[PDB]
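This is the structure we're talking about:
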């Protein structure tokens with residue numbers, strides 16, 4: 001006979017190469033821990049989700065980000081960041097992210113897409 005017992009104990013995420021990538025470029029992200037600075041990294045919009053790597057090489061993913069859980073909305077008075085033409089993403093199980101571009105277009109290309117993933121109505125916890 002045979003025996004399966006082959007599962008994934010750790011709930012990890014894997015990118016789907018097939019999943020027609022919408023657009024991938026060097027986006028600037030800002031953190032909310034002490035100093036609000038911008039970090040240059042390689043981002044990618046595929047599978048209605050967010051994925052980035054050390055560099056263009058895309059050698060192994062450092063961490064994935066679920067857009068469907070994030071809320072894309074135009075900055076507000078409170079978030080009067082000098083760097084205009086930028087947006088922010090709110091998360092329930094996480095903090096509020098911030099993304100900005102060089103021009104208005106570079107931003108529209110990210111929004112039009114990102115939103116397509118955020119708008120999604122999927123959210124739920126899990127045992128682990």
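Residue numbers (the entry's author numbering): 1 to 128. We put the beta carbon where it would ideally sit given N, CA and C, even for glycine.
Residue burial classification, residue i (beta-carbon count within 10 angstroms, cutoff 16)
i: residue 13; result: exposed
i: residue 50; result: buried
i: residue 88; result: buried
Residue interval of the alpha helix (DSSP H) (run including residue i)
i: residue 117; result: 104–118
Residue-chain proximity (residue i, chain B), Cβ-Cβ < 8 Å
i: residue 118; result: Given the protein chain composition of this structure (a single chain), no chain B is represented.
8 Å Cβ shell around residue i - same chain, five flanking residues per side excluded
i: residue 46; result: 15, 16, 19, 20, 21, 22 and 24
i: residue 60; result: 53 and 54
i: residue 62; result: 52, 53 and 54
Bridge partner(s) assigned by DSSP for residue i
i: residue 90; result: 71
i: residue 57; result: Partner(s): none; residue 57 has no beta bridge.
i: residue 44; result: 24 and 51
i: residue 30; result: 38 and 98
i: residue 63; result: 52
query: For the 8 Å Cβ check, are there 3 or more pairs between the segment 113–127 and the segment 58–69?
result: The segment 113–127, when compared against the segment 58–69, does touch it at the 8 Å Cβ threshold.
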